[PDB]
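Visitor:
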Amino acid sequence: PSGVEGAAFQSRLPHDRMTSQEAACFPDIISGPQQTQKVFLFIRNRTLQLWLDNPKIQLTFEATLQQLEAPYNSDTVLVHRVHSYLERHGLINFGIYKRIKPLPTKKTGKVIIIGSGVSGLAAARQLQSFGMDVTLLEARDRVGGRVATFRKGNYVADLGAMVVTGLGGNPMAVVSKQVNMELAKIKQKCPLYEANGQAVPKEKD
Amino acid sequence: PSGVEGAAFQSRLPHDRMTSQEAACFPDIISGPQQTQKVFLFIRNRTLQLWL
Amino acid sequence: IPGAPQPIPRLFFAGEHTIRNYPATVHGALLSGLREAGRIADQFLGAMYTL
Amino acid sequence: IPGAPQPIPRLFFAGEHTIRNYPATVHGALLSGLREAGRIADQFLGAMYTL
RNA sequence: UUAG
Ligand SMILES: Cc1cc2nc3c(=O)[nH]c(=O)nc-3n(C[C@H](O)[C@H](O)[C@H](O)COP(=O)(O)OP(=O)(O)OC[C@H]3O[C@@H](n4cnc5c(N)ncnc54)[C@H](O)[C@@H]3O)c2cc1C
Ligand SMILES: Cc1cc2nc3c(=O)[nH]c(=O)nc-3n(C[C@H](O)[C@H](O)[C@H](O)COP(=O)(O)OP(=O)(O)OC[C@H]3O[C@@H](n4cnc5c(N)ncnc54)[C@H](O)[C@@H]3O)c2cc1C
Numbered sequence: 171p172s173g174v175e176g177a178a179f180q181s182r183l184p185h186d187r188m189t190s191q192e193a194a195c196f197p198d199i200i201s202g203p204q205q206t207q208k209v210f211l212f213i214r215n216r217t218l219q220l221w222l223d224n225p226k227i228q229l230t231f232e233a234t235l236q237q238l239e240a241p242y243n244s245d246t247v248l249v250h251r252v253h254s255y256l257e258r259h260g261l262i263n264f265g266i267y268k269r270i271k272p273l274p275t276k277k278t279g280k281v282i283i284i285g286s287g288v289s290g291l292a293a294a295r296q297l298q299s300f301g302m303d304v305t306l307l308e309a310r311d312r313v314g315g316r317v318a319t320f321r322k323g324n325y326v327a328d329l330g331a332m333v334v335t336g337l338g339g340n341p342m343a344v345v346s347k348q349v350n351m352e353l354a355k356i357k358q359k360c361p362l363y364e365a366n367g368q369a370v371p372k373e374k375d
Numbered sequence: 171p172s173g174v175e176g177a178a179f180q181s182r183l184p185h186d187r188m189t190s191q192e193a194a195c196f197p198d199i200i201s202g203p204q205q206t207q208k209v210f211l212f213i214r215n216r217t218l219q220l221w222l
Numbered sequence: 786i787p788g789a790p791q792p793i794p795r796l797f798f799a800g801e802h803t804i805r806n807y808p809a810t811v812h813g814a815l816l817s818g819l820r821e822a823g824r825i826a827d828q829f830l831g832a833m834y835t836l
Numbered sequence: 786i787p788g789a790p791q792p793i794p795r796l797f798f799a800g801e802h803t804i805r806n807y808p809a810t811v812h813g814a815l816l817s818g819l820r821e822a823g824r825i826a827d828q829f830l831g832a833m834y835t836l
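Chains as they are written, first to last, in the authors' numbering: chain G, 171 to 375; chain Z, 171 to 222; chain R, 786 to 836; chain C, 786 to 836.
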């Protein structure tokens, strides 16, 4: 995965095919000639690349079009459609980024989210971005839910989630670029010890 | 136009392709393998034939 | 109201247990959140990008 | 209500002058009628066949 | 929040 083919991979998307979800929102394109579908898929993969290359700031529609080269930056409505689709479904402009277009002071719709775990928190940020009035109700005296970190001094111990299970196609990859996440690899060296206490010989393990 | 190919013609529909309107309501099918799309199109053309 | 139309939903579900391909994970919870945020906005703010 | 969501439409249009491929005809009026009947029902009764 |  490299270039635009990799941007699709990192977004868990096939780089050379339209998805069911994309067909639903762009039925005009997928039912039509294959040439057009390639134009769509390039804009999609390209826009994802732009966001993924710098996820610390908002990727606007304008900034997307200027970063595009002809003939693709010519059909501006298609680009706008693709951008808003990705924006709305949370493939770009998700997580914690510095906003360019500031939020409208006037909001639309009121939503109550029950729980401020990661799923609740992620939805809230998105809905807030879309201009909705969001309020979260959390039973605990803290956020995170089943992400529960023990802290005393500078000691740290996760009683909840602890492992990131790969960064290839993982939205946590983006989050880690946005946050003070100090990731560390796991040496898969794992010696066993029988009940008696003596190590298990290599060949047996 | 005769048989199911004609039922599609009489309904102003292409007999061997899914339309934009059909893609919208059956996005699961059109985004997937061509074998399934043929199964869809036959049922569509066949049902039209019965009605017509 | 008896005999009225009821097109829109009101109760949405997200979280680790709601995502088929990435259950029991943080990234799966994360993605479920982004999914419903988009569905709620689609349904209440309208999806202009589908026209 | 200021700040509320407005997802659904209310005013629909049919007739001979509303159908791009068959204007100025009876069959075109006919088809425009069937189109909006399906769109109205889709929007108010919900489209179960799309799930 | 006498939800807008
Ligand atoms: C011990 C443990 C280890 C784990 N290790 C990993 C790992 O290594 N890698 C990985 O990817 N995933 C791991 N997970 C899974 C991951 O932590 C969860 O899947 C994820 O955090 C859940 O996000 P969520 O928003 O769906 O649920 P939650 O985080 O539980 O959010 C739900 C929120 O709703 C609150 N709530 C509950 N009831 C109410 C109520 N009546 N009223 C108001 N609020 C309420 C809860 O307090 C909570 O804050 C682990 C989980 C556990 C339990
Ligand atoms: C002289 C002529 C010849 C034609 N020949 C052909 C032909 O040979 N082949 C062909 O395919 N097509 C032909 N057409 C076209 C065809 O007749 C029309 O396109 C079709 O009948 C229109 O259907 P419609 O429902 O869209 O419009 P309409 O039939 O006009 O229906 C609109 C209804 O709304 C009513 N209305 C108007 N104002 C109001 C109001 N304020 N309040 C309440 N009701 C109102 C009207 O009285 C009317 O009943 C012809 C048309 C004309 C005028």
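Note that CB positions come from ideal geometry on N, CA and C, so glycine has one too.
Let me make sure I understand the geometry here. Which of C/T810, C/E821, C/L836 has the alpha-carbon closest to that of C/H802?
Guide: Of C/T810, C/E821, C/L836, the residue nearest in Cα terms is C/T810.
Visitor: Does DSSP put G/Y267 in a helix, in a strand, or in coil?
Guide: Looking at G/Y267 - three-state DSSP - the assignment turns out to be coil, as it is neither helix nor strand.
Visitor: What separation, rounded to the nearest whole angstrom, lies between the Cα atoms of R/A814 and G/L229?
Guide: Answer to the nearest angstrom: the Cα atoms are 24 Å apart.
Visitor: Whose C-alpha, out of G/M188, G/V317, G/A240, is nearest the C-alpha of G/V252?
Guide: For G/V252, the nearest C-alpha among the options comes from G/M188.
Visitor: May I ask you to list the residues that DSSP assigns as paired with G/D328?
Guide: Per DSSP, G/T319.
Visitor: Which partner residues of G/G287 appear in the DSSP bridge assignment?
Guide: DSSP lists G/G314 as partners of G/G287.
Visitor: Would you tell me roughly how many angstroms separate the C-alpha atoms of G/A293 and Z/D186, rounded to the nearest one?
Guide: Answer to the nearest angstrom: the Cα atoms are 41 Å apart.
Visitor: Can you tell me whether R/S817 is buried or exposed? The criterion is at least 16 other CB atoms within 10 Å of its CB, across all chains shown.
Guide: Buried, by the Cβ-count rule.
Visitor: Hey, is the stretch 199 to 219 of chain G in contact with the stretch 256 to 270 of chain G, meaning 3+ C-beta pairs nearer than 8 Å?
Guide: Because the criterion of three Cβ pairs below 8 Å is met, the stretch 199 to 219 of chain G and the stretch 256 to 270 of chain G touch.
Visitor: Would you say G/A294 touches ligand 2, meaning its beta carbon is less than 7 Å from a heavy atom?
Guide: For ligand 2, not one heavy atom lies less than 7 Å from the Cβ of G/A294.
Visitor: Can you tell me whether C/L816 is helix, strand or coil according to DSSP?
Guide: DSSP places C/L816 in helix when its eight states are reduced to three.
Visitor: Tell me, please, whether the stretch 786 to 805 of chain R touches the stretch 816 to 836 of chain R by the rule of three or more beta-carbon pairs shorter than 8 Å.
Guide: The answer is yes - the stretch 816 to 836 of chain R touches the stretch 786 to 805 of chain R, with three or more Cβ pairs under 8 Å.
Visitor: Please identify, using Cβ separations under 9 Å, the residues of the stretch 267 to 301 of chain G that lie next to chain C, in order along the chain.
Guide: Flagged, chain order: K276, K277, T278, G279, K280.
Visitor: List, in order along the chain, the chain Z residues whose C-beta lies closer than 9 Å to that of C/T835?
Guide: Simply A194, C195, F196, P197.
Visitor: With distances taken from CA atoms, which of G/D303, G/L337, G/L329 is nearest R/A822?
Guide: If we check each option's Cα against that of R/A822, G/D303 comes out closest.
Visitor: Determine the DSSP secondary structure at Z/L218, reduced to helix, strand or coil.
Guide: It is helical.
Visitor: May I have all residues whose beta carbon comes closer than 5 Å to any heavy atom of ligand 2, sorted in chain order?
Guide: Counting every residue whose Cβ lies closer than 5 Å to a heavy atom of ligand 2, we get C/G800, C/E801, C/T810, C/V811, C/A814.
Visitor: Shortest alpha-carbon distance to G/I262 belongs to which of G/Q191, G/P225, G/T246?
Guide: That would be G/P225, whose Cα lies nearest to the Cα of G/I262.
Visitor: Could you tell me which residues DSSP pairs with G/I282 in its beta bridges?
Guide: Answer is G/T305, bridged to G/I282.
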